[PDB]
Amino acid sequence: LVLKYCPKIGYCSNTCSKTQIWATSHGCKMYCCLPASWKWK
């Protein structure tokens, strides 16, 4: 679940709410948080 970078739609944080996908964005220090609505790969 690695992302080149955190999608503008979401926001990067040390931890993401369950609803949010814990998309690990390489382009960020912490995890990338995105709405469950967000489409992954």
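For this deposition, the record names solution NMR as the technique by which the model was determined.

*Asks:* Help me understand the overall build of the protein, please; the structure alone is not making it clear to me.
*Replies:* The helix and strand inventory of the protein stands at zero helices and four strands. Seen in sequence order, the protein has helices and strands lined up from the N terminus as β-β-β-β. Projecting the C-alpha coordinates of the protein onto the three principal axes gives extents of approximately 20 × 20 × 15 Å. Across the 41 residues in the protein, those meeting the buried criterion constitute 27%. Once local pairs closer than 6 in sequence are excluded, the contacts in the protein between residues at least 24 apart make up 23%.

Reading the values: the criteria
Residues numbered from 1 in each chain as written, not as in the entry; some residues may be left out. Heavy atoms only, no water. Helix = DSSP H or I, 4+ residues; strand = E, 2+ residues; numbered from the N terminus. Buried < 20%, exposed > 50% of the residue type's maximum accessible area, 1.4 Å probe, protein only. Contact = heavy atoms within 4.5 Å.

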